[PDB]
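# Whatever this is, show me its structure:
(chains A, B, C, D, E, F, G and H)
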Amino acid sequence: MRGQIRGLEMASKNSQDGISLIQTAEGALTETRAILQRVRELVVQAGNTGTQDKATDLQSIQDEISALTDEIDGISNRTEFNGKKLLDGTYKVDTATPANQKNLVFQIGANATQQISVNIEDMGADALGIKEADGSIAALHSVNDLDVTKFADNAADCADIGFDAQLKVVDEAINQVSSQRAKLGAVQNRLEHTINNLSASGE
Amino acid sequence: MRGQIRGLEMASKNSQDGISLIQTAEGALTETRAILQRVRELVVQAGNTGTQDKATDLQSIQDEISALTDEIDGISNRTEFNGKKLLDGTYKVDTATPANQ
Amino acid sequence: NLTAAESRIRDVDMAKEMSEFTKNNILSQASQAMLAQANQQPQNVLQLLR
Amino acid sequence: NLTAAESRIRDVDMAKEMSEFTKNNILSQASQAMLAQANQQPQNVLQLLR
Amino acid sequence: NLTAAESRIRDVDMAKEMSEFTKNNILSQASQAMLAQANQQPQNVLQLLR
Amino acid sequence: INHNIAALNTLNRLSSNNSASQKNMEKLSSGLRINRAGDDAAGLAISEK
Amino acid sequence: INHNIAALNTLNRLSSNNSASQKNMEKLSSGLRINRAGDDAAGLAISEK
Amino acid sequence: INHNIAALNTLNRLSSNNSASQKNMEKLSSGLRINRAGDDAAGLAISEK
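Numbers count the residues shown, from 1 in each chain, chains lettered A, B, ... in the order given. I have put the structure below:
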């Protein structure tokens, strides 16, 4: 009994610790979401300034956007909880090889297998993900915007220099971040629920 | 007499122990009930967002719900009183075969 | 967040720890009373001698 | 209109939430008082020993 | 309205329940005093032996 | 008369009073009369619904 | 009866009430009910969009 | 629970609100939303031109 009791309280501590890890990652992704919001604003504004302003001004917009990218990588790589750099692709959700997923095992209960799995990925190349991001598309859209001159070259009828494609893929990156944050919120709800059961059982 | 006396007090201890087992299971089911409450909320909200929001957003709601499911299984399988995993179907109320209840 | 984890390791929950303080004291007081009872047997041994 | 919906998801109704704050506090204070009553039984146990 | 009914099932009237808390405690204290009186008869039995 | 004193109604009523006081706190610290399904099973189910 | 008192539902309900009050402030100081993705994950995603 | 209180989301949201109010005045006293290049870098460059 005692074994499982003290082990159970320790498991609850472990769970709260997992929650706070999620708090750090969640804050990083919150800020990432603010960045991507600003990016989308610049994409829309770039969209009209395919008429209004020149490749010089579009290049200024690109300066800002590229800086914002560099910050996204900066979040992905500086973000550490007790040194744990998470947002990097080390903890990809599902590699081609399941052996290389590097899944995250939080211990949750006192006994064997009373644990879970967690994964995460966001970085510069977090645009639309097929299995890789893609080649000329779905990677730069987060990393290197097309907002250099290429909107002055053509409207949305190209899909590689088209405005619609651009805006779409940005919105999809947003949907991946939003999805990740949503999952994490669910997970910490799960954890808290469990911690209630752990403390109860402990009593 | 003595036989039945000490046996009787032991039986009362045994009964209290059974109660506390029930306390553990009851707490697990309390939490399960909170989960299911949240689920129902998401179902209602999903109901109106059959108009308001898209299959992407419904898919986000599904992400949360699926997580909550996975927690229900997590309760059913992590819940143990001195190692006794109860909520599992091992102790089904009434199998087709009464021998396997 | 790190502050929270730090505290969970470092900061004691002084409610529970107060209860443990209470408990350990009363166990000490009780224990002493048990000594005061323990050391009275020999004097009735003396009553057998006297 | 979208601002309204945004707020209805995001913006808390701080009136109700204030009332919940009030409530949760007083439940905490009451709970502590119940601890202060809980931890006084053992000392009358001592009175049985002493 | 449903909140009201919910509460009437769920929410305890902590005034009355406080009074019941008071009562049950004092019954415990009294009971213990009755034990302290109960366990003093045997020692006058000893006075008959001694 | 002392191998087994008769003052066990004393102790049983004592454990009962202490049990009651415990339950009282369990209600007051939480603020519920249904903190546990044995308090009121029927009303629990209803309240759920 | 005092090696391990039974007044731990007390402390657990206490940590729960204090947890709640904390969350309350986290909402009020910010002015949000979605200050954290565990408050409302679904509505968070929606609100994002 | 008091060696390190958990009421730091309080202070962080406070410094954030005060930061915002500062920025608000910086805009209002000047009458600009581009008083500083971090407000809007892109629109700053454009506005320059």
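# Give me the longest helix you can find in the chain.
Since you didn't name a chain, this refers to chain A. Longest helix in chain A by number of residues, with DSSP state H as the criterion: helix A:2-52.
# could you do chain C instead?
The helix spanning the most residues in chain C, taking DSSP H as the definition, is helix C:14-38.
# How about it and chain A, touching?
No: remark: helix C:14-38 sits outside contact range of chain A, by Cβ under 8 Å from any Cβ of the partner chain, the gap being at least 10.6 Å. (Each C-beta comes from the backbone N, C-alpha and C, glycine too.)
# Against which helices or strands is that helix packed?
Taking 3 or more Cβ pairs under 8 Å, 6 or more residues apart in numbering or on different chains; DSSP states H and E as contact, the helices and strands that helix C:14-38 lies on are helix D:14-38, helix D:41-49, helix G:8-30.
# Is the shortest one positioned near chain C?
Yes: using Cβ under 8 Å from any Cβ, helix D:41-49 reaches chain C at D:42-43, D:45-46, D:49.
# That helix versus helix F:8-30: what angle between them?
In terms of direction (axes from the mean of the first three to the mean of the last three Cα atoms, to 10 degrees), helix D:41-49 departs from helix F:8-30 by 160 degrees.
# And helix D:41-49, what's buried?
D:41-42, D:44 (16 or more other Cβ atoms under 10 Å in any protein chain shown).
# Same question for stretch A:119-135.
Per 16+ other Cβ under 10 Å, stretch A:119-135 contains these buried residues: A:119-129, A:133-134.
# what do you get for stretch C:29-45?
Residues of stretch C:29-45 classed as buried by neighbour count (16+ other Cβ under 10 Å): residue C:30.
# Just the CA trace of that stretch, in PDB.
Extracted C-alpha coordinates of stretch C:29-45, given in PDB (Å, rounded to 0.1, in the frame of the first residue of the first chain):
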ATOM      1  CA  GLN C  29       3.500  14.100  24.400                       C
ATOM      2  CA  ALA C  30       1.800  10.800  24.300                       C
ATOM      3  CA  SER C  31       5.100   9.000  24.200                       C
ATOM      4  CA  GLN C  32       6.200  10.900  27.300                       C
ATOM      5  CA  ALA C  33       3.000  10.000  29.100                       C
ATOM      6  CA  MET C  34       3.800   6.400  28.200                       C
ATOM      7  CA  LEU C  35       7.100   6.800  29.800                       C
ATOM      8  CA  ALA C  36       5.500   8.200  32.900                       C
ATOM      9  CA  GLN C  37       3.400   5.000  33.000                       C
ATOM     10  CA  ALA C  38       6.300   2.800  32.100                       C
ATOM     11  CA  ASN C  39       8.500   3.800  35.000                       C
ATOM     12  CA  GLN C  40       5.800   3.100  37.700                       C
ATOM     13  CA  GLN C  41       5.900  -0.700  37.500                       C
ATOM     14  CA  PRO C  42       9.200  -1.000  39.500                       C
ATOM     15  CA  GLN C  43       7.700   0.800  42.500                       C
ATOM     16  CA  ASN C  44       5.000  -1.900  42.900                       C
ATOM     17  CA  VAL C  45       7.900  -4.300  42.600                       C
END
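# Now do that stretch: distance to the chain's middle.
The chain centroid and the centroid of stretch C:29-45 are separated by 17 Å, computed with Cα atoms, centre = their mean, to the nearest Å.
# residues making contact with it?
The contact list for stretch C:29-45 (Cβ atoms under 8 Å, 6 or more residues apart in numbering or on different chains) reads D:45-46, D:49-50.
# what does stretch A:88-102 give?
Contacts of stretch A:88-102 (Cβ under 8 Å, 6+ apart): A:76-77, A:103-104, A:118-121, A:123, A:131.
# For that stretch, list the C-alpha coordinates in PDB.
The C-alpha coordinates for stretch A:88-102 follow below in PDB (Å, rounded to 0.1, in the frame of the first residue of the first chain):
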ATOM      1  CA  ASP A  88      12.400  21.500 -32.700                       C
ATOM      2  CA  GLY A  89      11.700  18.600 -35.000                       C
ATOM      3  CA  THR A  90      13.300  16.100 -32.600                       C
ATOM      4  CA  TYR A  91       9.800  15.300 -31.300                       C
ATOM      5  CA  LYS A  92       8.000  15.200 -34.600                       C
ATOM      6  CA  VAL A  93       4.600  13.700 -34.200                       C
ATOM      7  CA  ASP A  94       5.000  10.700 -36.600                       C
ATOM      8  CA  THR A  95       8.200  10.200 -38.600                       C
ATOM      9  CA  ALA A  96       8.200   7.800 -41.500                       C
ATOM     10  CA  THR A  97      10.100   5.500 -39.100                       C
ATOM     11  CA  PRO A  98       8.100   5.200 -35.800                       C
ATOM     12  CA  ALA A  99      11.400   4.300 -34.100                       C
ATOM     13  CA  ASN A 100      12.600   7.900 -34.600                       C
ATOM     14  CA  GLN A 101       9.600   9.700 -33.300                       C
ATOM     15  CA  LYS A 102      11.200  10.300 -29.900                       C
END
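# Enumerate the positions of that stretch that are buried.
Of the residues in stretch A:88-102, those scored as buried under the neighbour-count criterion (16+ other Cβ under 10 Å) are A:88, A:91-92, A:101.
# Redo those residues as a markdown table? Include secondary structure.
Formatted as a markdown table, the entries for the buried residues of stretch A:88-102 read as follows, by DSSP: H, G, I helix; E, B strand; the rest coil:
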| residue | secondary structure |
| --- | --- |
| A:88 | coil |
| A:91 | helix |
| A:92 | coil |
| A:101 | coil |
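# Going by distance to chain C, which of the buried residues of helix D:41-49 wins?
When the buried residues of helix D:41-49 are ranked by distance to chain C (Cβ to the nearest Cβ), residue D:42 comes first, at 4.9 Å.
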